[PDB]
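Here's the structure we're looking at; comments come further down.
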Amino acid sequence: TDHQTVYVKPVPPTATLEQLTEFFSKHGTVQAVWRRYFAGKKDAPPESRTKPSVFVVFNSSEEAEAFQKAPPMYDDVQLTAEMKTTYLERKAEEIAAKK
(Lines give C-alpha, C1' and ligand atoms only; values in the text may rest on other atoms or scores of the structure.)
Protein backbone atom coordinates (compact mmCIF):
# COMPACT_ATOMS: atom_id res chain seq x y z
CA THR A 1 0.00 0.00 0.00
CA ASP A 2 1.28 3.44 -0.98
CA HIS A 3 -0.11 6.77 0.22
CA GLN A 4 0.97 10.30 -0.71
CA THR A 5 -0.10 13.58 0.88
CA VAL A 6 1.20 17.14 0.51
CA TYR A 7 0.84 20.05 2.93
CA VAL A 8 0.06 23.54 1.64
CA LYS A 9 -0.74 26.83 3.38
CA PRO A 10 -4.42 27.71 3.94
CA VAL A 11 -6.53 29.89 1.64
CA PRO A 12 -8.02 33.36 2.21
CA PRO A 13 -11.70 34.08 2.98
CA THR A 14 -12.11 35.48 -0.54
CA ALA A 15 -10.87 32.34 -2.30
CA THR A 16 -14.02 30.28 -2.88
CA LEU A 17 -14.23 26.57 -3.68
CA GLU A 18 -15.16 27.26 -7.30
CA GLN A 19 -12.32 29.78 -7.68
CA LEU A 20 -9.77 27.49 -6.02
CA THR A 21 -10.69 24.53 -8.23
CA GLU A 22 -10.76 26.62 -11.41
CA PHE A 23 -7.36 28.18 -10.76
CA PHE A 24 -5.97 24.76 -9.87
CA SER A 25 -7.04 23.17 -13.16
CA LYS A 26 -5.58 26.20 -14.94
CA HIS A 27 -2.14 25.26 -13.61
CA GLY A 28 -1.24 21.87 -12.17
CA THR A 29 -3.18 18.62 -11.93
CA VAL A 30 -4.47 17.54 -8.52
CA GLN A 31 -6.51 14.47 -7.58
CA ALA A 32 -8.37 15.79 -4.54
CA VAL A 33 -8.10 18.18 -1.59
CA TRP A 34 -9.38 18.24 1.99
CA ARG A 35 -8.75 19.71 5.44
CA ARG A 36 -9.77 18.95 9.02
CA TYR A 37 -8.98 19.97 12.60
CA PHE A 38 -9.38 17.92 15.78
CA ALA A 39 -10.75 20.07 18.59
CA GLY A 40 -10.37 17.28 21.13
CA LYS A 41 -13.24 15.81 23.13
CA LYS A 42 -11.60 13.42 25.59
CA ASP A 43 -9.56 13.26 28.80
CA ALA A 44 -6.41 12.34 26.89
CA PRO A 45 -3.42 14.39 25.64
CA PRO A 46 -3.00 15.72 22.07
CA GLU A 47 -2.03 12.67 20.01
CA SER A 48 -3.18 13.88 16.58
CA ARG A 49 -2.15 17.04 14.74
CA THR A 50 -4.71 19.80 14.22
CA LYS A 51 -3.62 22.68 11.97
CA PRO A 52 -5.27 25.13 9.54
CA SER A 53 -3.00 23.83 6.78
CA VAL A 54 -4.70 22.07 3.88
CA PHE A 55 -3.91 18.61 2.51
CA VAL A 56 -3.65 18.04 -1.24
CA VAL A 57 -3.12 14.80 -3.17
CA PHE A 58 -1.83 14.80 -6.74
CA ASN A 59 -2.94 12.09 -9.18
CA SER A 60 -0.06 12.39 -11.65
CA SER A 61 3.26 11.01 -10.40
CA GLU A 62 5.34 13.51 -12.37
CA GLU A 63 3.22 16.51 -11.37
CA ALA A 64 3.15 15.14 -7.83
CA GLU A 65 6.93 15.16 -7.45
CA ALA A 66 7.26 18.50 -9.25
CA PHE A 67 4.83 20.21 -6.88
CA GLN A 68 6.30 18.41 -3.87
CA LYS A 69 9.74 19.87 -4.59
CA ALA A 70 8.74 23.51 -5.07
CA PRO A 71 5.45 25.48 -4.96
CA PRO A 72 3.36 26.44 -8.01
CA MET A 73 4.15 30.14 -7.60
CA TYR A 74 1.13 32.18 -8.70
CA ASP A 75 1.24 35.94 -9.26
CA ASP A 76 -2.36 36.22 -8.08
CA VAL A 77 -1.78 34.57 -4.71
CA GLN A 78 1.52 33.44 -3.20
CA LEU A 79 1.46 29.66 -2.75
CA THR A 80 3.52 27.93 -0.06
CA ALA A 81 3.83 24.14 -0.27
CA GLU A 82 5.94 22.01 2.06
CA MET A 83 7.42 18.52 1.75
CA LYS A 84 6.49 15.45 3.80
CA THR A 85 10.14 14.97 4.74
CA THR A 86 10.40 18.46 6.24
CA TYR A 87 7.31 17.94 8.39
CA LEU A 88 8.46 14.50 9.54
CA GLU A 89 11.78 15.97 10.66
CA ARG A 90 10.04 18.85 12.41
CA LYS A 91 7.80 16.65 14.56
CA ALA A 92 10.65 14.19 15.09
CA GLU A 93 12.82 16.93 16.60
CA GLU A 94 9.92 18.36 18.59
CA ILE A 95 9.10 15.14 20.45
CA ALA A 96 12.84 14.58 20.86
CA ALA A 97 13.17 17.74 22.95
CA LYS A 98 10.08 16.93 25.01
CA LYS A 99 11.08 13.35 25.81
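Chain labels run A, B, ... following the order of the C-alpha coordinates; each chain numbers its residues from 1, and ligands are numbered from 1 in the order shown.
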
Can you list every residue in chain A that DSSP puts in strand (DSSP E), as a ChimeraX atom specification? /A:6-8,32-34,54-57,81-82

Show me a table, sorted first by chain and then by increasing residue number, of the residues of stretch 32-88 of chain A having an atom at most 9 Å from stretch 2-19 of chain A, each with its shortest atom pair and the distance in Å to one decimal, counting only C-alpha atoms and written as a tab-separated table.
```
residue	atom	partner	partner_atom	distance
A:52	CA	A:10	CA	6.2
A:53	CA	A:10	CA	5.0
A:54	CA	A:8	CA	5.5
A:55	CA	A:7	CA	5.0
A:56	CA	A:6	CA	5.2
A:57	CA	A:5	CA	5.2
A:58	CA	A:5	CA	7.9
A:64	CA	A:6	CA	8.8
A:67	CA	A:6	CA	8.8
A:68	CA	A:6	CA	6.8
A:71	CA	A:8	CA	8.7
A:79	CA	A:9	CA	7.1
A:80	CA	A:9	CA	5.6
A:81	CA	A:8	CA	4.3
A:82	CA	A:7	CA	5.5
A:83	CA	A:6	CA	6.5
A:84	CA	A:6	CA	6.4
A:87	CA	A:7	CA	8.7
```

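For the atom pair formed by atom CA of residue A:73 and atom CA of residue A:20, the distance is 14.3 Å, given to one decimal.
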
Residues flagged helix (DSSP H, G or I) by DSSP in stretch 10-85 of chain A, as a ChimeraX atom specification: /A:17-26,61-69,84-85

Filtering to N, CA, C and O atoms, could you give me those residues as a PDB file, in the first residue's frame?
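Result file is out-v1.pdb:
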```
ATOM      1  N   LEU A  17     -14.484  27.926  -3.203  1.00  0.00           N
ATOM      2  CA  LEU A  17     -14.229  26.570  -3.677  1.00  0.00           C
ATOM      3  C   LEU A  17     -14.169  26.530  -5.201  1.00  0.00           C
ATOM      4  O   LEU A  17     -13.293  25.888  -5.780  1.00  0.00           O
ATOM      5  N   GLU A  18     -15.105  27.221  -5.844  1.00  0.00           N
ATOM      6  CA  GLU A  18     -15.157  27.265  -7.301  1.00  0.00           C
ATOM      7  C   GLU A  18     -13.913  27.943  -7.870  1.00  0.00           C
ATOM      8  O   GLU A  18     -13.345  27.488  -8.862  1.00  0.00           O
ATOM      9  N   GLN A  19     -13.498  29.033  -7.233  1.00  0.00           N
ATOM     10  CA  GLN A  19     -12.324  29.776  -7.677  1.00  0.00           C
ATOM     11  C   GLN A  19     -11.055  28.951  -7.486  1.00  0.00           C
ATOM     12  O   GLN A  19     -10.201  28.893  -8.371  1.00  0.00           O
ATOM     13  N   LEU A  20     -10.938  28.314  -6.326  1.00  0.00           N
ATOM     14  CA  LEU A  20      -9.773  27.491  -6.019  1.00  0.00           C
ATOM     15  C   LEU A  20      -9.618  26.364  -7.035  1.00  0.00           C
ATOM     16  O   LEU A  20      -8.539  26.156  -7.590  1.00  0.00           O
ATOM     17  N   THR A  21     -10.706  25.640  -7.278  1.00  0.00           N
ATOM     18  CA  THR A  21     -10.693  24.535  -8.229  1.00  0.00           C
ATOM     19  C   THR A  21     -10.329  25.018  -9.628  1.00  0.00           C
ATOM     20  O   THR A  21      -9.446  24.459 -10.277  1.00  0.00           O
ATOM     21  N   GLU A  22     -11.015  26.060 -10.086  1.00  0.00           N
ATOM     22  CA  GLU A  22     -10.763  26.618 -11.410  1.00  0.00           C
ATOM     23  C   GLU A  22      -9.283  26.945 -11.589  1.00  0.00           C
ATOM     24  O   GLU A  22      -8.633  26.451 -12.509  1.00  0.00           O
ATOM     25  N   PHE A  23      -8.759  27.786 -10.703  1.00  0.00           N
ATOM     26  CA  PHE A  23      -7.356  28.182 -10.763  1.00  0.00           C
ATOM     27  C   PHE A  23      -6.446  26.958 -10.787  1.00  0.00           C
ATOM     28  O   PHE A  23      -5.481  26.903 -11.550  1.00  0.00           O
ATOM     29  N   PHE A  24      -6.759  25.979  -9.944  1.00  0.00           N
ATOM     30  CA  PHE A  24      -5.969  24.756  -9.866  1.00  0.00           C
ATOM     31  C   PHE A  24      -5.858  24.092 -11.235  1.00  0.00           C
ATOM     32  O   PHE A  24      -4.758  23.837 -11.727  1.00  0.00           O
ATOM     33  N   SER A  25      -7.005  23.813 -11.845  1.00  0.00           N
ATOM     34  CA  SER A  25      -7.038  23.174 -13.156  1.00  0.00           C
ATOM     35  C   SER A  25      -6.249  23.987 -14.177  1.00  0.00           C
ATOM     36  O   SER A  25      -5.618  23.433 -15.077  1.00  0.00           O
ATOM     37  N   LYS A  26      -6.291  25.308 -14.032  1.00  0.00           N
ATOM     38  CA  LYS A  26      -5.581  26.201 -14.940  1.00  0.00           C
ATOM     39  C   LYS A  26      -4.084  25.909 -14.929  1.00  0.00           C
ATOM     40  O   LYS A  26      -3.419  25.989 -15.962  1.00  0.00           O
ATOM     41  N   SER A  61       2.001  11.227 -11.099  1.00  0.00           N
ATOM     42  CA  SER A  61       3.262  11.010 -10.401  1.00  0.00           C
ATOM     43  C   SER A  61       4.243  12.143 -10.686  1.00  0.00           C
ATOM     44  O   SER A  61       4.822  12.722  -9.767  1.00  0.00           O
ATOM     45  N   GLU A  62       4.425  12.451 -11.966  1.00  0.00           N
ATOM     46  CA  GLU A  62       5.336  13.514 -12.373  1.00  0.00           C
ATOM     47  C   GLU A  62       4.952  14.840 -11.723  1.00  0.00           C
ATOM     48  O   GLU A  62       5.764  15.468 -11.045  1.00  0.00           O
ATOM     49  N   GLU A  63       3.709  15.258 -11.937  1.00  0.00           N
ATOM     50  CA  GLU A  63       3.217  16.510 -11.373  1.00  0.00           C
ATOM     51  C   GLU A  63       3.285  16.484  -9.849  1.00  0.00           C
ATOM     52  O   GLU A  63       3.494  17.514  -9.209  1.00  0.00           O
ATOM     53  N   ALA A  64       3.107  15.299  -9.275  1.00  0.00           N
ATOM     54  CA  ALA A  64       3.150  15.138  -7.826  1.00  0.00           C
ATOM     55  C   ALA A  64       4.530  15.484  -7.276  1.00  0.00           C
ATOM     56  O   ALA A  64       4.652  16.251  -6.323  1.00  0.00           O
ATOM     57  N   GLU A  65       5.564  14.912  -7.883  1.00  0.00           N
ATOM     58  CA  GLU A  65       6.935  15.160  -7.451  1.00  0.00           C
ATOM     59  C   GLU A  65       7.333  16.609  -7.713  1.00  0.00           C
ATOM     60  O   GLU A  65       7.976  17.247  -6.881  1.00  0.00           O
ATOM     61  N   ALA A  66       6.948  17.122  -8.877  1.00  0.00           N
ATOM     62  CA  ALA A  66       7.264  18.496  -9.249  1.00  0.00           C
ATOM     63  C   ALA A  66       6.733  19.481  -8.213  1.00  0.00           C
ATOM     64  O   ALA A  66       7.460  20.357  -7.745  1.00  0.00           O
ATOM     65  N   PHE A  67       5.461  19.331  -7.860  1.00  0.00           N
ATOM     66  CA  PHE A  67       4.832  20.210  -6.880  1.00  0.00           C
ATOM     67  C   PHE A  67       5.438  20.000  -5.494  1.00  0.00           C
ATOM     68  O   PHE A  67       5.644  20.956  -4.746  1.00  0.00           O
ATOM     69  N   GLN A  68       5.719  18.745  -5.161  1.00  0.00           N
ATOM     70  CA  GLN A  68       6.299  18.411  -3.866  1.00  0.00           C
ATOM     71  C   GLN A  68       7.606  19.165  -3.644  1.00  0.00           C
ATOM     72  O   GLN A  68       7.842  19.719  -2.570  1.00  0.00           O
ATOM     73  N   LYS A  69       8.454  19.183  -4.667  1.00  0.00           N
ATOM     74  CA  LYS A  69       9.738  19.870  -4.585  1.00  0.00           C
ATOM     75  C   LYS A  69       9.544  21.351  -4.279  1.00  0.00           C
ATOM     76  O   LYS A  69       9.895  21.823  -3.198  1.00  0.00           O
ATOM     77  N   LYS A  84       6.779  16.393   2.723  1.00  0.00           N
ATOM     78  CA  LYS A  84       6.489  15.454   3.799  1.00  0.00           C
ATOM     79  C   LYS A  84       7.722  15.222   4.667  1.00  0.00           C
ATOM     80  O   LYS A  84       7.620  15.081   5.886  1.00  0.00           O
ATOM     81  N   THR A  85       8.889  15.185   4.031  1.00  0.00           N
ATOM     82  CA  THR A  85      10.142  14.970   4.744  1.00  0.00           C
ATOM     83  C   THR A  85      10.383  16.068   5.774  1.00  0.00           C
ATOM     84  O   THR A  85      10.722  15.791   6.925  1.00  0.00           O
TER      85      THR A  85
END
```

What is the atom CA of residue A:95 to atom CA of residue A:47 distance in Å?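 Atom CA of residue A:47 lies 11.4 Å from atom CA of residue A:95.
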